[PDB]
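J.: Got a structure here, written out as structure tokens. Questions coming.
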Amino acid sequence: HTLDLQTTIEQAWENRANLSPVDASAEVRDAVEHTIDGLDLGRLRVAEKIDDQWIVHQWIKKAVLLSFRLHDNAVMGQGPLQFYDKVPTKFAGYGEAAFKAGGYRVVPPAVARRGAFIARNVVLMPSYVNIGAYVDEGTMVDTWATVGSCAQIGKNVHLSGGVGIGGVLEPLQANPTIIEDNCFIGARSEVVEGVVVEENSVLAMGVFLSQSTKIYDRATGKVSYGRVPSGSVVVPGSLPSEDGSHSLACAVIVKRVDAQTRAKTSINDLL
Amino acid sequence: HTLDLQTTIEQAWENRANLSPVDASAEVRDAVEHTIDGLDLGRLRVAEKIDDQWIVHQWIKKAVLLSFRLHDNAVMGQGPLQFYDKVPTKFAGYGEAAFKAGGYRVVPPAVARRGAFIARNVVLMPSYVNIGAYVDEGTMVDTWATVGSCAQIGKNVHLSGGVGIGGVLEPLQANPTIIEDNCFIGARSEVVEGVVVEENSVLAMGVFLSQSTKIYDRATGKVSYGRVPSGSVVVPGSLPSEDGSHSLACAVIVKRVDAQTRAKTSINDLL
Amino acid sequence: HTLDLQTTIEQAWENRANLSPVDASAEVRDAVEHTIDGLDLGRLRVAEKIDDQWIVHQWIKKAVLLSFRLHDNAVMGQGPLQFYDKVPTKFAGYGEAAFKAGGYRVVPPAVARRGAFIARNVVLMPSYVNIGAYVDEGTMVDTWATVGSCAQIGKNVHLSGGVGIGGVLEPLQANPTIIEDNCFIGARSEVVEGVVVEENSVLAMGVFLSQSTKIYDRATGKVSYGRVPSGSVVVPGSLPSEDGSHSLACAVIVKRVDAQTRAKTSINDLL
Ligand SMILES: [Ca+2]
Ligand SMILES: [Ca+2]
Ligand SMILES: [Ca+2]
Ligand SMILES: [Ca+2]
Ligand SMILES: [Ca+2]
Ligand SMILES: [Ca+2]
Ligand SMILES: [Ca+2]
Ligand SMILES: [Ca+2]
Ligand SMILES: [Ca+2]
Ligand SMILES: [Cl-]
Ligand SMILES: [Cl-]
Ligand SMILES: [Cl-]
Ligand SMILES: [Cl-]
Ligand SMILES: [Cl-]
Ligand SMILES: [Cl-]
Ligand SMILES: [Cl-]
Ligand SMILES: [Cl-]
Ligand SMILES: [Cl-]
């Protein structure tokens with residue numbers, strides 16, 4: 001029980017060049033382990049929404065990074081599925097009691113790392129959830145989807161097949177990728193680099209969003225970046241060059257709906 | 001041996017609010033198990049082609065849905081690969097005799113669920129095949145492809161890397177996604193929501209088809225939805241807005257070939 | 001120790017219709033096994049760069065193909081993860097000593113096949129590496145990426161999430177897909193069919209390259225195929241039809257940078 005956990009993590013970070021899996025003190029190992037435990041349980045989270053703005057806790061990212069530095073790789077598994085890594089998986093040693101307490105389903109061969117929070121009534125189809133991620137209640141993670149490090153996934157989100165939510169560990173100051181409540185992310189879409197998809201939005205298949213992806217609002221004719229406004233319906237499109245010789249792909253907002261519409265219209269029917 | 005299996009399933013469906021993994025009768029459990037067994041063996045199939053139209057068997061979908069309701073989640077696996085789910089995997093308890101009898105290959109870490117049919121001479125690279133799917137003879141399912149629930153995959157189909165074939169369990173009345181014989185589906189493509197790809201067609205990489213995807217026939221200039229006509233070669237493209245400010249992505253049919261051409265021209269050479 | 005390994009492989013190839021897992025001689029089995037061992041260790045490679053041109057060793061491809069013909073399928077694994085295949089996985093029977101000697105990390109549930117070379121300081125996130133692939137030092141293979149058969153991946157390459165590098169075993173004469181040193185391949189991109197991505201290039205998300213993909217150089221207005229010149233920054237775009245009715249998707253080179261720029265600019269910042 002550190003006197004101040006954040007301060008211990010921050011001073012260990014400053015001392016990180018001198019930390020290894022052999023030389024690290026019990027004090028620092030316990031502080032890091034306690035932080036990862038808190039992430040795993042959802043008592044801590046890398047980013048949270050305060051005063052309607054997402055805030056990042058850099059000290060928690062430092063703990064995650066120190067947890068890599070403080071552990072050696074170890075042989076895991078057996079038979080034709082041997083592995084060699086330094087991050088424990090989330091469900092190692094779980095039995096019925098632990099899984100029942102968690103309230104979620106893990107469909108084989110889904111894997112999550114220790115230090116990811118998975119809420120009740122989540123379904124993990126074969127998929128990957130990396131350390132630091134937060135997957136809130138009722139969310140569906142479909143087959144070969146990925147929830148990257150530190151990503152914040154809201155309640156009742158649908159991550160369709162092959163969807164990737166990009167991790168953001170470094171830079172320390174950078175907010176993680178955020179999918180807010182009740183979003184639908186269509187198959188093969190990718191949202192990376194701390195893009196925020198606000199609540200009730202719908203991404204069609206094949207939408208790729210990074211900080212440099214142009215988001216063209218069809219109704220207004222305006223280009224923006226980095227954020228899908230709440231309730232937006234987004235599809236892949238393109239914008240022409242000035243001389244008409246070619247176009248570059250972008251995302252296009254083709255309409256915007258409210259929460260009532262999302263409850264009374266199926267995703268299939270929203271287009 | 002139910003007197004009428006369909007009727008038993010249909011009356012259990014009507015009674016489903018009163019069915020759980022604790023309270024369900026032997027009669028209903030056996031009827032559901034027999035239906036899933038039939039799906040697993042390919043003696044039953046969720047959809048089939050009759051009089052040259054695909055038909056759906058809603059009672060079989062009801063059985064699949066009841067099989068979820070009637071089973072508790074259970075711990076599966078061990079070591080760094082523990083899972084917790086209520087649907088058995090297809091090959092649990094198989095030995096050499098059972099695999100040899102099936103006539104297909106399962107490359108690690110591919111997984112299929114019980115209740116999916118896999119025909120002889122199929123190769124499952126690392127991939128997922130969900131309950132209710134039917135994968136016919138000679139088909140190749142490449143790495144990180146997905147065959148979703150109830151999807152019907154024809155003979156000698158090539159599902160390339162990262163291809164997803166979307167599941168359709170609900171609505172009960174909806175036909176599943178259909179890939180007919182001898183189709184080639186290029187890497188990262190997605191075909192969902194009961195789209196039918198007719199025989200001998202070729203989808204390039206990155207083609208995404210749902211019921212709302214415009215299919216533009218280049219030769220005729222016409223837009224259609226929901227079906228790729230036999231022998232079509234389909235690539236990603238776009239259609240411009242009336243005012244020229246932007247375009248929206250769509251599928252484009254760039255040519256149409258017959259079965260003789262498909263046998264004498266490689267996929268690489270077809271473009 | 002064959003008198004000439006290449007000649008033994010080439011004569012076994014000529015005799016391949018008469019080779020099976022029951023009838024094959026010790027001489028041929030040993031020659032094939034020795035070739036696969038050499039691939040696995042990186043002492044042999046399917047393609048290599050000589051006089052600044054990539055060359056293919058057809059006899060090595062013949063050995064890989066013979067290794068399939070000479071082995072029966074075998075049950076692998078246990079529990080809810082049973083498999084049935086004829087190619088051993090790379091790490092079967094490895095312990096700590098073998099993994100430490102290799103110098104790479106294998107994050108569960110990543111799998112590689114025997115006969116793929118993985119260099120020191122590689123990280124395999126959950127991903128697949130097929131037989132014959134060569135993955136050089138410092139490369140990151142991210143979640144649900146695929147390195148296909150015979151593909152040559154350079155040093156310090158970043159294969160982002162869901163990236164597929166297509167295999168090329170047949171035709172024997174065809175060069176494999178090549179990703180040269182220090183390339184960044186953005187999420188969901190696909191590079192197949194022996195396309196060469198030259199050193200220091202950057203592919204954005206969603207770039208799909210085959211031999212038939214038009215590569216439009218924005219600065220020059222010229223179309224080429226099959227090769228990304230060194231240092232190119234490539235994004236998805238499209239080219240319009242002559243009559244303006246539609247466009248077809250293509251890759252667009254939007255700038256070209258030198259090695260100094262790649263060291264002093266983040267991938268995020270390069271756009
Ligand atoms: Ca210390
Ligand atoms: Ca573990
Ligand atoms: Ca327990
Ligand atoms: Ca009953
Ligand atoms: Ca099972
Ligand atoms: Ca058996
Ligand atoms: Ca011989
Ligand atoms: Ca093995
Ligand atoms: Ca060892
Ligand atoms: Cl820890
Ligand atoms: Cl915000
Ligand atoms: Cl431009
Ligand atoms: Cl059952
Ligand atoms: Cl039909
Ligand atoms: Cl429009
Ligand atoms: Cl061998
Ligand atoms: Cl070359
Ligand atoms: Cl055209």
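In the structure tokens, chains take letters A, B, ... by order of appearance, with residues numbered from 1 within each chain and ligands from 1 in the order shown.
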Please determine the contact residues of chain A with respect to chain C at a cut-off of 7 Å, counting only C-alpha atoms, and supply them as a PyMOL selection string.
T.: chain A and resi 75+79-85+144+208+212+245-249
J.: As a PDB file with C-alpha atoms, in the first residue's frame, please: the residues near residue 12 in chain B (cut-off 12 Å, only C-alpha atoms, same-chain neighbours under 5 positions excluded).
T.:
```
ATOM      1  CA  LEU B   5     -39.164 -32.328 -35.028  1.00  0.00           C
ATOM      2  CA  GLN B   6     -40.180 -29.046 -36.656  1.00  0.00           C
ATOM      3  CA  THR B   7     -43.345 -28.838 -34.574  1.00  0.00           C
ATOM      4  CA  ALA B  17     -39.404 -17.389 -22.158  1.00  0.00           C
ATOM      5  CA  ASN B  18     -39.904 -20.387 -19.842  1.00  0.00           C
ATOM      6  CA  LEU B  19     -36.847 -22.335 -21.033  1.00  0.00           C
ATOM      7  CA  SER B  20     -33.453 -22.133 -19.324  1.00  0.00           C
ATOM      8  CA  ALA B  24     -35.696 -27.554 -20.068  1.00  0.00           C
ATOM      9  CA  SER B  25     -37.313 -30.897 -20.790  1.00  0.00           C
ATOM     10  CA  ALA B  26     -35.544 -33.908 -22.248  1.00  0.00           C
ATOM     11  CA  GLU B  27     -37.956 -33.732 -25.184  1.00  0.00           C
ATOM     12  CA  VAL B  28     -36.921 -30.204 -26.153  1.00  0.00           C
ATOM     13  CA  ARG B  29     -33.243 -30.698 -25.390  1.00  0.00           C
ATOM     14  CA  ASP B  30     -33.183 -33.802 -27.591  1.00  0.00           C
ATOM     15  CA  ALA B  31     -35.028 -32.058 -30.439  1.00  0.00           C
ATOM     16  CA  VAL B  32     -32.587 -29.148 -30.354  1.00  0.00           C
ATOM     17  CA  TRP B  59     -37.437 -23.570 -37.705  1.00  0.00           C
ATOM     18  CA  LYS B  62     -35.124 -21.278 -34.023  1.00  0.00           C
ATOM     19  CA  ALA B  63     -33.299 -24.453 -32.988  1.00  0.00           C
ATOM     20  CA  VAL B  64     -29.926 -22.702 -33.173  1.00  0.00           C
ATOM     21  CA  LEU B  65     -31.228 -19.860 -31.019  1.00  0.00           C
ATOM     22  CA  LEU B  66     -32.745 -22.319 -28.534  1.00  0.00           C
ATOM     23  CA  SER B  67     -29.413 -24.131 -28.275  1.00  0.00           C
ATOM     24  CA  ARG B  69     -30.825 -20.524 -24.371  1.00  0.00           C
ATOM     25  CA  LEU B  70     -30.603 -24.137 -23.167  1.00  0.00           C
TER      26      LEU B  70
END
```
J.: So how far away is CA of residue 87 in chain B from CA of residue 181 in chain B, in Å?
T.: 28.8 Å
J.: Write out as a PyMOL selection string which residues come within 8 Å of residue 117 in chain A when counting only C-alpha atoms, dropping same-chain ones fewer than 5 positions away.
T.: chain A and resi 39-42+132-136
J.: Quick one: write out the picked residues with C-alpha atoms as a PDB file, in the first residue's frame?
T.:
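Contents of the output file part30.pdb:
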```pdb
ATOM      1  CA  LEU A  39      -6.943  -1.518 -14.568  1.00  0.00           C
ATOM      2  CA  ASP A  40      -7.939  -5.177 -14.800  1.00  0.00           C
ATOM      3  CA  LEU A  41     -10.832  -4.613 -12.387  1.00  0.00           C
ATOM      4  CA  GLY A  42     -11.877  -1.307 -13.921  1.00  0.00           C
ATOM      5  CA  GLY A 132      -5.160  -0.917 -20.641  1.00  0.00           C
ATOM      6  CA  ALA A 133      -8.328  -1.232 -22.709  1.00  0.00           C
ATOM      7  CA  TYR A 134     -11.711  -0.647 -21.086  1.00  0.00           C
ATOM      8  CA  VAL A 135     -14.711  -2.472 -22.599  1.00  0.00           C
ATOM      9  CA  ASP A 136     -17.946  -1.355 -20.936  1.00  0.00           C
TER      10      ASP A 136
END
```
J.: Quick one: pick out all strand (DSSP E) residues within range 3-238 of chain B from a backbone DSSP run and write them as a count of residues only.
T.: 69
J.: Dump as a Markdown table the rows for residues of chain B within 12 Å of ligand 14: closest atom pair and distance in Å with one decimal, only C-alpha atoms and all ligand atoms counted, ordered by chain and rising residue number.
T.:
```
| residue | atom | partner | partner_atom_place_in_ligand_line | distance |
| --- | --- | --- | --- | --- |
| B:47 | CA | ligand 14 | 1 (Cl) | 10.2 |
| B:48 | CA | ligand 14 | 1 (Cl) | 9.4 |
| B:49 | CA | ligand 14 | 1 (Cl) | 7.3 |
| B:50 | CA | ligand 14 | 1 (Cl) | 9.0 |
| B:51 | CA | ligand 14 | 1 (Cl) | 9.5 |
| B:52 | CA | ligand 14 | 1 (Cl) | 6.8 |
| B:53 | CA | ligand 14 | 1 (Cl) | 4.1 |
| B:54 | CA | ligand 14 | 1 (Cl) | 4.3 |
| B:55 | CA | ligand 14 | 1 (Cl) | 7.5 |
| B:56 | CA | ligand 14 | 1 (Cl) | 10.3 |
| B:152 | CA | ligand 14 | 1 (Cl) | 11.8 |
| B:174 | CA | ligand 14 | 1 (Cl) | 11.8 |
| B:175 | CA | ligand 14 | 1 (Cl) | 8.8 |
| B:176 | CA | ligand 14 | 1 (Cl) | 10.4 |
| B:177 | CA | ligand 14 | 1 (Cl) | 10.4 |
| B:178 | CA | ligand 14 | 1 (Cl) | 8.7 |
| B:179 | CA | ligand 14 | 1 (Cl) | 10.9 |
| B:180 | CA | ligand 14 | 1 (Cl) | 10.2 |
| B:194 | CA | ligand 14 | 1 (Cl) | 9.9 |
| B:195 | CA | ligand 14 | 1 (Cl) | 9.5 |
| B:196 | CA | ligand 14 | 1 (Cl) | 7.0 |
| B:197 | CA | ligand 14 | 1 (Cl) | 9.5 |
| B:198 | CA | ligand 14 | 1 (Cl) | 8.7 |
| B:199 | CA | ligand 14 | 1 (Cl) | 11.4 |
| B:226 | CA | ligand 14 | 1 (Cl) | 10.3 |
| B:227 | CA | ligand 14 | 1 (Cl) | 8.7 |
| B:228 | CA | ligand 14 | 1 (Cl) | 10.8 |
| B:229 | CA | ligand 14 | 1 (Cl) | 10.6 |
| B:230 | CA | ligand 14 | 1 (Cl) | 11.6 |
```
J.: Using only N, CA and C atoms, please write the residues we just selected to a file, as a CSV table (one decimal), in the first residue's frame.
T.:
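Once everything was written out, this is part_9.csv:
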```csv
chain,number,residue,atom,x,y,z
B,47,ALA,N,-30.4,-22.8,-45.1
B,47,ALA,CA,-30.9,-22.4,-46.4
B,47,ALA,C,-30.5,-23.4,-47.5
B,48,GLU,N,-31.3,-23.6,-48.5
B,48,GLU,CA,-31.0,-24.4,-49.6
B,48,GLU,C,-31.6,-23.8,-50.9
B,49,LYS,N,-31.1,-24.2,-52.0
B,49,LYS,CA,-31.6,-23.7,-53.3
B,49,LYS,C,-32.6,-24.7,-53.8
B,50,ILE,N,-33.8,-24.3,-54.1
B,50,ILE,CA,-34.9,-25.1,-54.6
B,50,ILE,C,-35.5,-24.3,-55.7
B,51,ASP,N,-35.7,-25.0,-56.9
B,51,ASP,CA,-36.3,-24.3,-58.1
B,51,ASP,C,-35.5,-23.0,-58.4
B,52,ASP,N,-34.2,-23.1,-58.2
B,52,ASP,CA,-33.3,-22.0,-58.5
B,52,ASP,C,-33.5,-20.7,-57.7
B,53,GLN,N,-34.1,-20.9,-56.5
B,53,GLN,CA,-34.3,-19.8,-55.5
B,53,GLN,C,-33.8,-20.3,-54.2
B,54,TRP,N,-33.0,-19.5,-53.4
B,54,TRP,CA,-32.7,-19.9,-52.1
B,54,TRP,C,-33.8,-19.7,-51.1
B,55,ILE,N,-34.1,-20.7,-50.3
B,55,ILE,CA,-35.2,-20.8,-49.3
B,55,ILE,C,-34.5,-20.9,-48.0
B,56,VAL,N,-35.2,-20.3,-46.9
B,56,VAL,CA,-34.7,-20.4,-45.6
B,56,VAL,C,-35.6,-21.3,-44.8
B,152,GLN,N,-24.0,-19.8,-46.3
B,152,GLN,CA,-23.9,-20.9,-47.2
B,152,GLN,C,-22.8,-20.7,-48.2
B,174,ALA,N,-35.0,-13.8,-42.6
B,174,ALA,CA,-34.0,-13.3,-43.6
B,174,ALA,C,-33.1,-14.4,-44.1
B,175,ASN,N,-32.9,-14.5,-45.4
B,175,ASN,CA,-32.0,-15.5,-45.9
B,175,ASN,C,-30.5,-15.1,-45.5
B,176,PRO,N,-29.7,-16.2,-45.3
B,176,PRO,CA,-28.3,-15.9,-44.9
B,176,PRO,C,-27.5,-15.5,-46.1
B,177,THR,N,-26.3,-15.0,-45.8
B,177,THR,CA,-25.4,-14.6,-46.9
B,177,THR,C,-25.0,-15.9,-47.7
B,178,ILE,N,-24.9,-15.7,-49.0
B,178,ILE,CA,-24.7,-16.9,-49.9
B,178,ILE,C,-23.6,-16.6,-50.8
B,179,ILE,N,-22.6,-17.4,-50.9
B,179,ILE,CA,-21.5,-17.4,-51.8
B,179,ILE,C,-21.6,-18.7,-52.6
B,180,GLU,N,-22.0,-18.6,-53.9
B,180,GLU,CA,-22.3,-19.7,-54.7
B,180,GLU,C,-21.0,-20.4,-55.2
B,194,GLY,N,-27.0,-11.2,-46.0
B,194,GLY,CA,-27.8,-11.9,-47.0
B,194,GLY,C,-27.6,-11.6,-48.4
B,195,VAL,N,-26.6,-10.8,-48.7
B,195,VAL,CA,-26.2,-10.6,-50.1
B,195,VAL,C,-25.9,-12.0,-50.7
B,196,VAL,N,-26.3,-12.1,-52.0
B,196,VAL,CA,-26.0,-13.3,-52.7
B,196,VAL,C,-25.0,-13.0,-53.8
B,197,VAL,N,-23.9,-13.8,-53.8
B,197,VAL,CA,-22.9,-13.7,-54.8
B,197,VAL,C,-23.1,-15.0,-55.7
B,198,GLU,N,-23.5,-14.8,-56.9
B,198,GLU,CA,-23.9,-15.9,-57.7
B,198,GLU,C,-22.6,-16.6,-58.3
B,199,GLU,N,-22.8,-17.8,-58.8
B,199,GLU,CA,-21.7,-18.7,-59.2
B,199,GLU,C,-20.7,-18.0,-60.2
B,226,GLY,N,-27.7,-5.9,-53.7
B,226,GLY,CA,-28.1,-7.1,-53.0
B,226,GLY,C,-27.6,-8.4,-53.6
B,227,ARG,N,-27.1,-8.4,-54.8
B,227,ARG,CA,-26.9,-9.6,-55.6
B,227,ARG,C,-25.8,-9.3,-56.6
B,228,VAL,N,-24.8,-10.2,-56.7
B,228,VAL,CA,-23.8,-10.1,-57.8
B,228,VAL,C,-24.2,-11.2,-58.8
B,229,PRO,N,-24.5,-10.8,-60.0
B,229,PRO,CA,-24.9,-11.8,-61.0
B,229,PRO,C,-23.8,-12.7,-61.4
B,230,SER,N,-24.1,-13.9,-61.8
B,230,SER,CA,-23.1,-15.0,-62.0
B,230,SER,C,-22.0,-14.5,-63.0
```
J.: Here is a test: counting only C-alpha atoms and all ligand atoms, which residue of B:140, B:1, B:13, B:263 is nearest to ligand 4?
T.: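 Among B:140, B:1, B:13, B:263, it is B:13 that comes nearest to ligand 4.
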J.: If you measure from CA of residue 261 in chain A to CA of residue 158 in chain A, what distance in Å do you get, rounded to one decimal?
T.: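 Separation between CA of residue 261 in chain A and CA of residue 158 in chain A: 16.8 Å.
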